[PDB]
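Asker: Handing you a structure now.
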Amino acid sequence: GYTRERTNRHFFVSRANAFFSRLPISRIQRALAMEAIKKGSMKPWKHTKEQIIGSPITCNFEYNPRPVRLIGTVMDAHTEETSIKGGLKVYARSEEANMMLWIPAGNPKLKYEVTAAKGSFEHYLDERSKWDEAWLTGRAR
Amino acid sequence: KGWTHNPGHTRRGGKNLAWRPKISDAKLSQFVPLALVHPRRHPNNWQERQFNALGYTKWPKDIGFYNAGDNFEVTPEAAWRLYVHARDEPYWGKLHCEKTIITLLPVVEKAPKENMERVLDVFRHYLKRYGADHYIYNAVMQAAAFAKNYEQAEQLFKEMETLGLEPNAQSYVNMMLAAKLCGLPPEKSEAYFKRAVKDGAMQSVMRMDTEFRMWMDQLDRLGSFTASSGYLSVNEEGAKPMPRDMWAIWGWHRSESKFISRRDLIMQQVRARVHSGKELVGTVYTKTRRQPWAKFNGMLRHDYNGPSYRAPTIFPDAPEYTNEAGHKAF
Amino acid sequence: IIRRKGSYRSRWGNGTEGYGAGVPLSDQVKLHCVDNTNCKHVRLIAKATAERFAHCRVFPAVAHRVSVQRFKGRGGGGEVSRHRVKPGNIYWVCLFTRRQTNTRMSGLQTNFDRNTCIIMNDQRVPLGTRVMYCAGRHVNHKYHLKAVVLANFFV
Amino acid sequence: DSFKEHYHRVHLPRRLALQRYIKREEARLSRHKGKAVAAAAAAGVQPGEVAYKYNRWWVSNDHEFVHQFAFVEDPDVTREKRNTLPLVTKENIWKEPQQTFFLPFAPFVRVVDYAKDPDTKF
Amino acid sequence: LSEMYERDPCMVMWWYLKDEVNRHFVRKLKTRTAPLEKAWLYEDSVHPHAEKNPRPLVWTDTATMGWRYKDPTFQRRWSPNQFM
Amino acid sequence: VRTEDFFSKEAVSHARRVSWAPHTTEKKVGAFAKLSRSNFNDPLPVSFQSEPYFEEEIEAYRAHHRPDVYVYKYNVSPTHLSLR
Amino acid sequence: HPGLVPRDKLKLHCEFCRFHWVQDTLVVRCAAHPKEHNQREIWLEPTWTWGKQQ
Amino acid sequence: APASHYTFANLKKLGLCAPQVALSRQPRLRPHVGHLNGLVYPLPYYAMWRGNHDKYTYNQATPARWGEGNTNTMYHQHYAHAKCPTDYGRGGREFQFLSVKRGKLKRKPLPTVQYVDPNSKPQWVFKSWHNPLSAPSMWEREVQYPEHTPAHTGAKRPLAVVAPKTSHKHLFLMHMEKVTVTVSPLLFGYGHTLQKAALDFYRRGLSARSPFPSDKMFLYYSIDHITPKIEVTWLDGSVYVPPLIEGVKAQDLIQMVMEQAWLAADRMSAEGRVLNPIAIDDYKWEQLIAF
Amino acid sequence: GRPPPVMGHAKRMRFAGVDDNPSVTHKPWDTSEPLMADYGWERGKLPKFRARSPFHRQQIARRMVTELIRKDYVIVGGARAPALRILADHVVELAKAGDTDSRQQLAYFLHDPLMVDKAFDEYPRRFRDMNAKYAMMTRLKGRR
Amino acid sequence: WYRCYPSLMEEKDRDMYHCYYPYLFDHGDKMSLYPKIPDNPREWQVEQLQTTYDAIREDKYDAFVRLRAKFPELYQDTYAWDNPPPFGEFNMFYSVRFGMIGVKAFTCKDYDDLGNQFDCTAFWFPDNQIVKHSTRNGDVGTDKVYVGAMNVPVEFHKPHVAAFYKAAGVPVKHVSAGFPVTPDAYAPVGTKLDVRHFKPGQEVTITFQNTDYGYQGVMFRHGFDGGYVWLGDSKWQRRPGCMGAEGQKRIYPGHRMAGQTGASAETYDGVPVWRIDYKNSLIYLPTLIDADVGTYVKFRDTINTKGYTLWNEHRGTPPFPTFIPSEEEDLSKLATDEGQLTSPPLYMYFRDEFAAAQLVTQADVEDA
Amino acid sequence: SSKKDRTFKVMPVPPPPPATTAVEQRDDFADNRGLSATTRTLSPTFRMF
RNA sequence: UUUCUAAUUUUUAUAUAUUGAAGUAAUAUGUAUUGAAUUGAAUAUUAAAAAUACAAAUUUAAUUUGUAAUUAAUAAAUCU
RNA sequence: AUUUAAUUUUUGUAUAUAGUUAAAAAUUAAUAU
Ligand SMILES: [Zn+2]
């Protein structure tokens with residue numbers, strides 16, 4: 001007995017990467033991300049610094065009891081523009097716990113409003129050491 | 001030494017789904033045909049071996065021949081030649097004689113003059129042996145109807161009362177049929193059927209106007225032999241010296257077979273003609289409940305090697321075997 | 001013993017790569033219990049051959065030993081009001097959180113500081129009064145919540 | 001080639017030549033029935049036709065409803081597809097999103113008359 | 001044999017020709033099959049060969065007896081052999 | 001809550017069933033809709049596993065004392081014909 | 001249903017215990033005590049073949 | 001006019017959950033995903049019983065038990081009158097849960113009622129399951145025409161069609177009113193004759209076993225060589241002589257008159273005679289076999 | 001499905017599309033970077049001709065660039081050529097920019113100082129109007 | 001495969017006493033309740049009651065055809081007895097529309113109204129047109145419609161290929177694949193298919209060439225264990241185990257082994273549809289396929305999903321031959337704002353939390 | 001064991017013509033009749049002296 | 001096993017069924033005796049009593065009822 | 001599908017109480033001329 005395991009017909013082997021200039025891919029992803037800032041799922045971002053730290057107040061409308069509101073201290077800024085990635089990675093230090101969690105930033109239930117003017121390269125290091133000391137002394141030893 | 005990543009006994013080779021379907025033989029076995037009938041299990045060599053292995057005989061066409069329906073018949077003018085020969089026999093009972101007349105019908109409608117004396121000679125002689133009955137009266141009346149001699153049907157009917165014989169339930173149909181095929185309108189058959197309902201000899205469960213229709217709409221389905229409308233108007237017969245399928249059935253199961261060995265046909269006609277102290281007779285109950293499914297089902301000694309070999313019942317036949325014509329269709 | 005099979009198709013990954021991510025926390029992983037009990041849970045060893053949230057604490061009732069760190073300090077009579085775990089008892093722990101990126105079907109992926117739990121009895125009745133930690137959304141299932149009464153709030 | 005593979009690599013172009021024959025003869029029978037009488041037995045009614053089977057709804061030996069599906073594709077209708085242009089699609093079809101989550105069947109007696117034909121089950 | 005008959009009745013016949021052509025001509029592959037492709041199996045009478053005029057086969061079966069099923073792979077080690 | 005099967009049979013033949021329309025107390029419009037308030041039962045005892053074959057039954061009054069009324073070797077009844 | 005090793009061992013224990021040809025095998029079937037007094041002659045399975053059960 | 005599917009709100013209320021036809025982890029039953037080689041139709045499971053393949057499909061001959069593929073050219077007293085020889089289909093497991101054919105459809109028209117004058121409005125008698133088989137409204141016509149109503153006899157409705165078929169041990173007074181048995185002892189015979197068959201029927205009727213009222217049976221010695229007559233008179237007065245065919249005996253006559261007793265009591269119930277409750281139930285209907 | 005069908009890491013092949021998928025790993029799929037030690041058969045990497053070590057390969061990238069600048073032709077062999085022409089379009093991308101960051105980012109790379117003294121003078125004059133594809137890769141016929 | 005086996009009905013017992021409706025015997029000319037009485041009366045077997053009016057059948061059948069007219073509301077579904085479905089019209093159990101070729105274009109993350117994240121691969125349907133209609137000897141169930149894709153210079157195809165499209169009259173298409181259709185789902189050669197041929201809630205089946213991985217060993221090709229890291233294992237970190245058993249001598253065919261690892265024709269059976277940008281001819285699926293961008297991927301329909309037809313009454317009916325947009329309508333006017341279609345909520349409940357059944361309200365939280 | 005005997009075994013005899021002689025044409029092991037009963041076709045032409 | 005040839009021993013031998021005999025009636029030494037809580041033909045043991053035929057059972061806590069009433073059913077006739 | 005949950009019917013049956021299913025979980029899809 002035996003088996004092919006590789007299909008090299010002209011339909012499968014051919015690639016459309018040549019003709020792909022017909023499609024304005026990103027100018028779709030713009031408009032694709034534009035139809036999500038319109039529904040209210042997301043609010044624009046143009047920030048490289050001035051966002052490495054802030055103060056989000058997360059409102060994950062988890063149906064568990066009620067919406068969870070966590071004061072946080074953003075430390076990712078994953079994408080730097082209004083596209084689909086988002087990614088805040090807020091630290092959020094709930095009450096006693098330390099929970100580096102990152103919001104996908106497109107989610108309708110996972111909303112959050114950051115405020116600038118605290119985007120300090122100091123206040124960021126304020127929390128990084130706070131999560132570096134929390135990370136280290138949590139291995140249960 | 002445990003916990004295989006690949007649980008289960010999916011076998012390696014047997015995957016075709018046509019010659020090995022993945023169906024548990026517990027649920028697949030119920031389709032194995034243990035009563036398999038169409039890819040027949042009786043070759044053509046045997047069809048003649050099992051013929052003679054009953055004691056049956058092969059007659060030339062003129063005497064008789066297994067017809068298109070594989071039902072042995074006797075050819076008229078070969079029927080009368082029996083009654084010419086065995087009328088004196090001690091084992092020529094009552095209903096033997098009338099059966100001769102019924103066979104003389106597809107000629108007495110075709111030869112209404114040369115065969116209307118055979119009917120009467122069967123009639124006239126039947127009275128000399130057995131006093132007088134309805135068999136011979138219903139028959140000869142039916143014969144006189146087919147002869148299109150309606151006046152003879154009336155001339156026979158009025159002798160039933162003249163002999164006290166109350167006109168049988170048929171003695172109206174033999175007349176109803178006569179008044180129809182003889183070219184006479186209704187109200188000559190209707191007035192006959194309405195006689196029957198009152199005397200209770202015939203029974204009609206419907207308003208009397210419609211039963212008489214259902215009667216005639218069976219008596220024109222059975223159109224005369226010389227016409228061309230109905231079943232009797234068909235003259236085609238299957239000329240066959242032996243039935244093409246010697247194991248055909250007329251019931252539900254192989255042991256309800258159609259052709260029975262002479263040496264068992266006799267021990268059947270015995271029990272149907274003796275006291276019936278086990279099975280009741282003349283009743284729609286039939287205590288002997290048919291269960292031809294719960295009976296034996298397995299190939300015997302005689303399902304593989306075929307029927308035994310009993311020498312053909314055949315005649316040295318000194319009469320000359322001359323072939324000197326082709327005869328067909330009466 | 002929920003396994004996978006590294007075949008470029010079945011692969012645990014590391015978390016951070018979508019739901020049903022990876023690493024179901026094999027037999028002994030020294031959890032850090034957080035009930036209000038004797039368990040001082042610098043250690044509470046795990047003893048069931050799996051642990052996770054996608055692997056769904058909902059179903060398995062993961063038996064866990066207590067590789068005790070066994071108190072901060074206690075005293076009294078010989079036998080007292082039983083909340084004081086013996087150094088070797090086995091309890092069906094209810095895992096709260098993980099140190100591993102636990103993606104959910106919302107793209108939110110949480111990574112906590114210490115992977116904790118709350119000791120529960122054989123009959124899933126929490127052996128503790130309060131809880132000094134958060135707990136991911138994998139609780140709120142009627143499996144344990146009906147006894148895990150919302151000792152506190154979630155994340 | 002195995003045994004069964006052989007029998008087909010020999011009989012595959014022997015069954016095609018057989019059915020292509022009958023059709024090629026089916027056109028012959030379709031001729032001498034034009035000038036001939038309405039219809040004989042001739043394997044049915046002897047155009048190229050398919051009679052309808054009113055006998056398709058059975059209740060099996062286990063008392064469960066078994067329906068036979070029979071579809072008779074019309075050779076004249078299909079060619080009437082491959083030429084003409086199909087109609088413009090109704091906007092109430094595509095502008096509507098197909099439901100995802102087919103919901104389970106709910107039993108019901110039809111109207112205030114309890115006919116309902118399951119015979120029961122209670 | 002019946003479960004093989006569901007699939008193709010002509011195959012039930014072809015399995016047996018193969019067993020009579022491989023009754024002598026098993027030795028070399030060319031003559032194992034080249035006869036087999038000379039017979040034409042038809043589950044019904046209608047066949048395209050009126051143009052060839054197949055002359056009927058005047059032949060009546062010889063054995064009135066039934067067919068024993070003998071396993072292919074049945075070995076007869078010793079024969080009535082006069083030298084016993 | 002007997003036998004969770006719950007619509008496991010849902011089937012009675014056109015034969016071996018009786019008729020079609022019941023109703024409980026009300027009428028539709030037909031001015032005669034007094035039908036049954038009927039019951040919902042099990043089909044004839046074990047359907048055909050017991051008796052796979054049935055013999056042809058004539059109407060009752062045509063069944064009991066079925067008279068012998070023939071024409072030439074055929075039995076003509078007001079409804080049935082048969083070659084005796 | 002205890003295969004009564006020979007056919008001859010078959011005995012009708014109950015009034016309702018009768019014989020039956022369950023596919024070439026003479027067996028005893030009783031409505032009452034349905035499997036309690038049931039006996040089945042020893043013979044090949046109802047659907048055997050010539051290579052599997054000789 | 002209900003909705004044949006539960007709604008989300010309806011389904012949610014009970015505490016249940018909507019069945020996923022979606023990305024669920026479940027099997028999402030779709031056999032034929034790789035096995036069915038060719039065009040597969042959106043009929044869910046039409047190739048499973050065959051073995052979940054589509055392989056052969058071209059042969060017309062199949063191992064056919066009674067009443068299957070090519071059995072149609074044989075006479076089997078059941079499938080002769082229970083399957084039109086045309087529609088005979090393929091083998092057992094090769095059932096046709098879906099048969100697709102090519103050609104122009106010919107839908108032959110339905111048949112119409114026979115011996116029914118058009119537009120003749122019939123009175124409708126409604127039957128159903130509810131009726132216990134004892135019910136007279138069960139064994140008779142459903143649609144009662146003026147055509148099938150015998151008027152030569154007094155009838156308000158066409159007579160019954162189906163009759164219960166059971167063996168009667170004893171000659172209980174079902175609805176008869178007087179069972180007279182006439183013989184002529186001038187006729188004689190040793191051995192089983194009709195003289196003996198009718199006179200034991202007198203004993204078998206007068207037996208201490210049969211619940212027949214012993215005082216309602218009348219013997220009648222005749223003179224003029226009257227063949228043994230058995231005459232039963234029903235409540236309506238219509239007398240009935242069970243034909244004493246030769247070879248008959250007690251259990252036949254006790255069976256003839258009792259079987260006819262249901263037909264005759266039916267005809268009395270058709271003319272309009274009110275009927276009584278009957279004690280005996282020769283047809284077991286309220287009984288189950290216990291052990 | 002929800003996770004990538006092939007999880008975080010797997011080497012596709014030479015001649016394989018990017019098939020972008022949500023992943024933590026970083027892939028350039030673009031190589032606009034000048035004078036870069038990213039040798040590989042991927043997209044964002046120039047062809048890695050064979051050598052004893054990524055160091056010694058870098059040492060071959062030095063004496064084959066400083067000999068193309070020194071004399072404007074170098075008859076280079078095999079997968080060094082597609083790996084060199086991208087280093088001739090980078091040197092001009094280094095010689096055009098001009099700022100003293102670049103003139104060192106080439107000074108670190110050339111074995112000899114006179115070259116980085118040449119490359120910044122002729123090339124701004126030479127390629128002032130050409131904006132890409134500065135190196136012509138014409139194949140000699142007789143294989144070594 | 002249990003629960004997949006349909007109701008079993010033996011052929012030997014699909015006879016008169018079974019038929020759910022009145023069984024109809026045809027006579028060649030007209031249907032009738034009774035068997036055909038053969039005209040040659042000799043052909044009748046003895047003792048076979050050739051029925052011509054059966055008061056038991058005729059009355060059971062009188063109660064059927066009359067009561068259907070008397071009380072129509074109740075017997076509506078019994079009208080498919082004599083009123084069969086005509087050909088065309090998208091028979092629910094029969095019709096199978098073709099599929100359209102596609103191109104993987106990019107990937108995006110998309111969320112419902114609920115916060116369910118879907119890794120959405122967006123397929124571009126460049127230019128899909130019927131290039132040729134096929135068959136197989138004009139048989140039944142063997143009818144295939146071929147669909148072009150990606151309008152392309154006549155040079156980019158080999159002359160022997162492009163000389164085909166030039167014969168068919170279609171503009172030469174980069175690639176073409178053959179879909180099986182039921183004959184009532186044909187179209188004219190030269191129909192320009194449009195993405196709305198799929199409905200946002202449908203479930204499509206995609207087939208493509210999953211990304212080549214070279215010649216990968218066995219611990220990658222399949223899942224093989226093997227080799228302790230620092231616990232011995234001279235040279236055995238990844239080599240397979242015993243191949244045969246011992247005595248078969250014949251590496252049983254099907255040993256897993258090392259192999260070429262995945263440049264083959266892959267298939268996802270029942271992936272649903274997420275959006276449709278019918279202005280961009282984009283169709284978004286909530287899944288990740290393992291193919292290089294530009295991998296031509298053909299989209300049939302998923303046929304039956306969990307024992308239930310996809311295109312049934314309660315759950316959407318498709319644009320049957322194919323969606324042909326109206327004459328007033330064109331795309332050069334509108335914008336991506338208006339060209340966007342979306343789906344129903346694929347998942348019943350927000351999936352980070354459980355179903356409303358398992359999550360418990362405060363009422364039981366206050367257990368007391 | 002031994003090789004299987006793959007020779008060509010002769011075929012069994014055809015059926016004899018029907019009797020229609022009454023000369024005991026059926027008898028097989030009789031002195032008069034040679035075994036073969038081949039009265040085939042244009043055998044009367046093969047008139048022997 | 002000199003070579004051409006002729007020939008009498010052949011992977012062809014016979015396989016156990018017809019018949020779920022199931023209607024036909026109040027009784028009567030007698031519920032023997034013994035052992036037995038009880039036992040009446042069917043607990044236990046005991047079994048050659050009688051007369052006007054029906055004691056090796058099912059059934060019941062015991063009985064009565066109720067099943068049951070010593071019968072046609074010839075594979076032998078080899079098949080070659 | 002063989003590391004079992006929560007529904008829902010815990011009523012049928014009787015000293016405790018069943019049975020189709022569904023959600024979730026064990027996370028992955030496969031075509032040689
Ligand atoms: Zn018993």
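In the structure tokens, chains take the letters A, B, ... in the order shown, each chain's residues start at 1, and ligands count up from 1 in the order shown.
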Any residue with an atom at most 9 Å from ligand 1 counts, using only C-alpha atoms (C1' of nucleotides) and all ligand atoms. Which are they? Put them as a ChimeraX atom specification.
Answerer: /G:12-18,28-38
Asker: Restricting the output to C-alpha atoms, write the selected residues as a short mmCIF file (atom, residue, chain, number, x, y, z; two decimals), in the first residue's frame.
Answerer:
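Saved result, selection_24.cif, follows:
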```cif
data_model
loop_
_atom_site.label_atom_id
_atom_site.label_comp_id
_atom_site.auth_asym_id
_atom_site.auth_seq_id
_atom_site.Cartn_x
_atom_site.Cartn_y
_atom_site.Cartn_z
CA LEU G 12 -40.13 -29.80 28.05
CA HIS G 13 -40.10 -28.70 31.74
CA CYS G 14 -43.24 -26.50 31.57
CA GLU G 15 -46.69 -26.80 29.97
CA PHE G 16 -45.81 -23.78 27.77
CA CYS G 17 -42.38 -25.21 26.88
CA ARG G 18 -42.64 -26.44 23.20
CA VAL G 28 -37.37 -25.16 23.26
CA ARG G 29 -39.18 -21.80 23.59
CA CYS G 30 -41.51 -20.99 26.49
CA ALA G 31 -43.59 -17.85 26.88
CA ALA G 32 -43.51 -18.42 30.68
CA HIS G 33 -40.12 -18.48 32.45
CA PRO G 34 -38.94 -16.99 29.12
CA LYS G 35 -35.17 -17.65 29.40
CA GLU G 36 -35.37 -19.66 32.64
CA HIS G 37 -36.38 -22.97 30.96
CA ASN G 38 -35.24 -22.16 27.39
#
```
Asker: Could you pull the residues within 12 Å of residue 9 in chain M, counting only C-alpha atoms (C1' of nucleotides), minus those fewer than 6 positions along the same chain, as a list in words?
Answerer: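 Surrounding residues, per the criterion: residues 1, 2, 3, 4 and 6 of chain F; 14, 15 and 16 of chain H; 18, 19, 20 and 21 of chain M.
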Asker: Would you mind exporting the chosen residues as a PDB file, in the first residue's frame, restricted to N, CA, C and O atoms (P, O5', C5', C4', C3', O3' and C1' of nucleotides)?
Answerer:
```
ATOM      1  N   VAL F   1     -43.605   9.989  32.957  1.00  0.00           N
ATOM      2  CA  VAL F   1     -42.181   9.825  32.699  1.00  0.00           C
ATOM      3  C   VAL F   1     -41.814   8.350  32.538  1.00  0.00           C
ATOM      4  O   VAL F   1     -40.710   7.930  32.885  1.00  0.00           O
ATOM      5  N   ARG F   2     -42.743   7.575  31.978  1.00  0.00           N
ATOM      6  CA  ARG F   2     -42.527   6.161  31.673  1.00  0.00           C
ATOM      7  C   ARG F   2     -41.731   6.058  30.375  1.00  0.00           C
ATOM      8  O   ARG F   2     -42.020   6.759  29.401  1.00  0.00           O
ATOM      9  N   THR F   3     -40.740   5.164  30.360  1.00  0.00           N
ATOM     10  CA  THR F   3     -39.975   4.734  29.189  1.00  0.00           C
ATOM     11  C   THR F   3     -39.500   5.911  28.337  1.00  0.00           C
ATOM     12  O   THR F   3     -40.112   6.204  27.315  1.00  0.00           O
ATOM     13  N   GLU F   4     -38.457   6.617  28.756  1.00  0.00           N
ATOM     14  CA  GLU F   4     -37.986   7.916  28.235  1.00  0.00           C
ATOM     15  C   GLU F   4     -38.046   7.963  26.706  1.00  0.00           C
ATOM     16  O   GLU F   4     -37.899   9.057  26.146  1.00  0.00           O
ATOM     17  N   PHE F   6     -40.275   8.228  24.341  1.00  0.00           N
ATOM     18  CA  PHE F   6     -40.864   9.533  24.032  1.00  0.00           C
ATOM     19  C   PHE F   6     -40.993   9.826  22.549  1.00  0.00           C
ATOM     20  O   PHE F   6     -40.128  10.517  22.007  1.00  0.00           O
TER      21      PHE F   6
ATOM     22  N   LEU H  14     -36.793  26.699  30.083  1.00  0.00           N
ATOM     23  CA  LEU H  14     -36.746  25.409  30.756  1.00  0.00           C
ATOM     24  C   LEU H  14     -35.409  25.145  31.430  1.00  0.00           C
ATOM     25  O   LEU H  14     -35.322  24.234  32.257  1.00  0.00           O
ATOM     26  N   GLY H  15     -34.376  25.919  31.112  1.00  0.00           N
ATOM     27  CA  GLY H  15     -33.043  25.669  31.614  1.00  0.00           C
ATOM     28  C   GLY H  15     -32.144  24.938  30.647  1.00  0.00           C
ATOM     29  O   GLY H  15     -30.981  24.690  30.975  1.00  0.00           O
ATOM     30  N   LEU H  16     -32.649  24.587  29.472  1.00  0.00           N
ATOM     31  CA  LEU H  16     -31.871  23.875  28.478  1.00  0.00           C
ATOM     32  C   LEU H  16     -30.950  24.837  27.739  1.00  0.00           C
ATOM     33  O   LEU H  16     -30.786  25.998  28.115  1.00  0.00           O
TER      34      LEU H  16
ATOM     35  P     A M  18     -31.381   8.986  39.744  1.00  0.00           P
ATOM     36  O5'   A M  18     -32.137   9.071  38.348  1.00  0.00           O
ATOM     37  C5'   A M  18     -31.504   8.658  37.146  1.00  0.00           C
ATOM     38  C4'   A M  18     -31.665   7.179  36.918  1.00  0.00           C
ATOM     39  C3'   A M  18     -31.841   6.746  35.473  1.00  0.00           C
ATOM     40  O3'   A M  18     -30.604   6.539  34.820  1.00  0.00           O
ATOM     41  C1'   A M  18     -33.500   5.740  36.822  1.00  0.00           C
ATOM     42  P     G M  19     -29.959   7.673  33.885  1.00  0.00           P
ATOM     43  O5'   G M  19     -30.380   7.251  32.411  1.00  0.00           O
ATOM     44  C5'   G M  19     -30.346   5.898  31.977  1.00  0.00           C
ATOM     45  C4'   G M  19     -31.292   5.709  30.824  1.00  0.00           C
ATOM     46  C3'   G M  19     -31.409   6.926  29.917  1.00  0.00           C
ATOM     47  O3'   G M  19     -30.418   6.985  28.911  1.00  0.00           O
ATOM     48  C1'   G M  19     -33.551   6.314  30.638  1.00  0.00           C
ATOM     49  P     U M  20     -29.852   8.414  28.453  1.00  0.00           P
ATOM     50  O5'   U M  20     -30.627   8.698  27.098  1.00  0.00           O
ATOM     51  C5'   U M  20     -31.017   7.624  26.261  1.00  0.00           C
ATOM     52  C4'   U M  20     -31.582   8.127  24.962  1.00  0.00           C
ATOM     53  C3'   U M  20     -30.719   9.126  24.220  1.00  0.00           C
ATOM     54  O3'   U M  20     -29.713   8.500  23.454  1.00  0.00           O
ATOM     55  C1'   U M  20     -32.940   9.914  24.313  1.00  0.00           C
ATOM     56  P     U M  21     -28.334   9.266  23.204  1.00  0.00           P
ATOM     57  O5'   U M  21     -28.703  10.769  23.549  1.00  0.00           O
ATOM     58  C5'   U M  21     -28.289  11.825  22.706  1.00  0.00           C
ATOM     59  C4'   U M  21     -29.228  12.994  22.795  1.00  0.00           C
ATOM     60  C3'   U M  21     -28.561  14.337  22.957  1.00  0.00           C
ATOM     61  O3'   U M  21     -28.059  14.837  21.737  1.00  0.00           O
ATOM     62  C1'   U M  21     -30.348  14.163  24.478  1.00  0.00           C
TER      63        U M  21
END
```
Asker: Each residue of chain F lying at most 6 Å from chain H should get a row with its shortest atom-to-atom pair and the distance in Å to one decimal, counting only C-alpha atoms; could you produce that, ordered by chain and increasing number, as a Markdown table?
Answerer:
```
| residue | atom | partner | partner_atom | distance |
| --- | --- | --- | --- | --- |
| F:18 | CA | H:128 | CA | 5.5 |
| F:19 | CA | H:128 | CA | 5.2 |
| F:35 | CA | H:126 | CA | 5.9 |
| F:38 | CA | H:130 | CA | 4.6 |
| F:39 | CA | H:130 | CA | 4.0 |
| F:59 | CA | H:161 | CA | 4.9 |
| F:60 | CA | H:161 | CA | 5.3 |
```
Asker: Can you spit out the residues from that selection as a short mmCIF file (atom, residue, chain, number, x, y, z; two decimals), in the first residue's frame, using N, CA, C and O atoms?
Answerer:
```
data_model
loop_
_atom_site.label_atom_id
_atom_site.label_comp_id
_atom_site.auth_asym_id
_atom_site.auth_seq_id
_atom_site.Cartn_x
_atom_site.Cartn_y
_atom_site.Cartn_z
N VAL F 18 -57.10 2.55 12.08
CA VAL F 18 -58.55 2.61 11.92
C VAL F 18 -58.97 3.82 11.10
O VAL F 18 -59.46 3.68 9.98
N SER F 19 -58.78 5.03 11.62
CA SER F 19 -59.19 6.21 10.87
C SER F 19 -58.38 7.40 11.36
O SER F 19 -57.40 7.24 12.08
N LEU F 35 -66.79 13.89 16.82
CA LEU F 35 -65.96 12.78 16.35
C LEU F 35 -65.62 11.77 17.44
O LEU F 35 -66.23 10.70 17.50
N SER F 38 -60.68 11.00 21.23
CA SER F 38 -60.20 9.63 21.04
C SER F 38 -59.00 9.34 21.93
O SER F 38 -58.50 10.19 22.67
N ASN F 39 -58.54 8.08 21.83
CA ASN F 39 -57.41 7.56 22.57
C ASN F 39 -56.26 7.28 21.61
O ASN F 39 -56.45 7.22 20.39
N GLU F 59 -64.55 -9.20 2.30
CA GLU F 59 -65.54 -8.65 3.22
C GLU F 59 -66.22 -9.77 4.00
O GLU F 59 -66.41 -10.87 3.48
N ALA F 60 -66.57 -9.48 5.25
CA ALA F 60 -67.12 -10.51 6.13
C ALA F 60 -68.28 -11.25 5.49
O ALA F 60 -68.25 -12.48 5.36
#
```
Asker: Can you pull out every residue within 6 Å of range 261-269 of chain B, counting only C-alpha atoms (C1' of nucleotides), but drop anything in the same chain fewer than 3 positions away, and send it as a list in words?
Answerer: residues 54, 55 and 272 of chain B
Asker: Could you give me, as a PyMOL selection string, the residues within 12 Å of residue 72 in chain E, counting only C-alpha atoms (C1' of nucleotides) and dropping anything in the same chain fewer than 6 positions from it?
Answerer: (chain E and resi 16+19-20+22-23) or (chain G and resi 50-51) or (chain L and resi 11)
Asker: Write out as JSON, numbers by chain each polymer residue whose atoms come within 9 Å of residue 63 in chain A, counting only C-alpha atoms (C1' of nucleotides); drop sequence neighbours fewer than 5 positions from it.
Answerer: {"J": [350, 353, 359]}
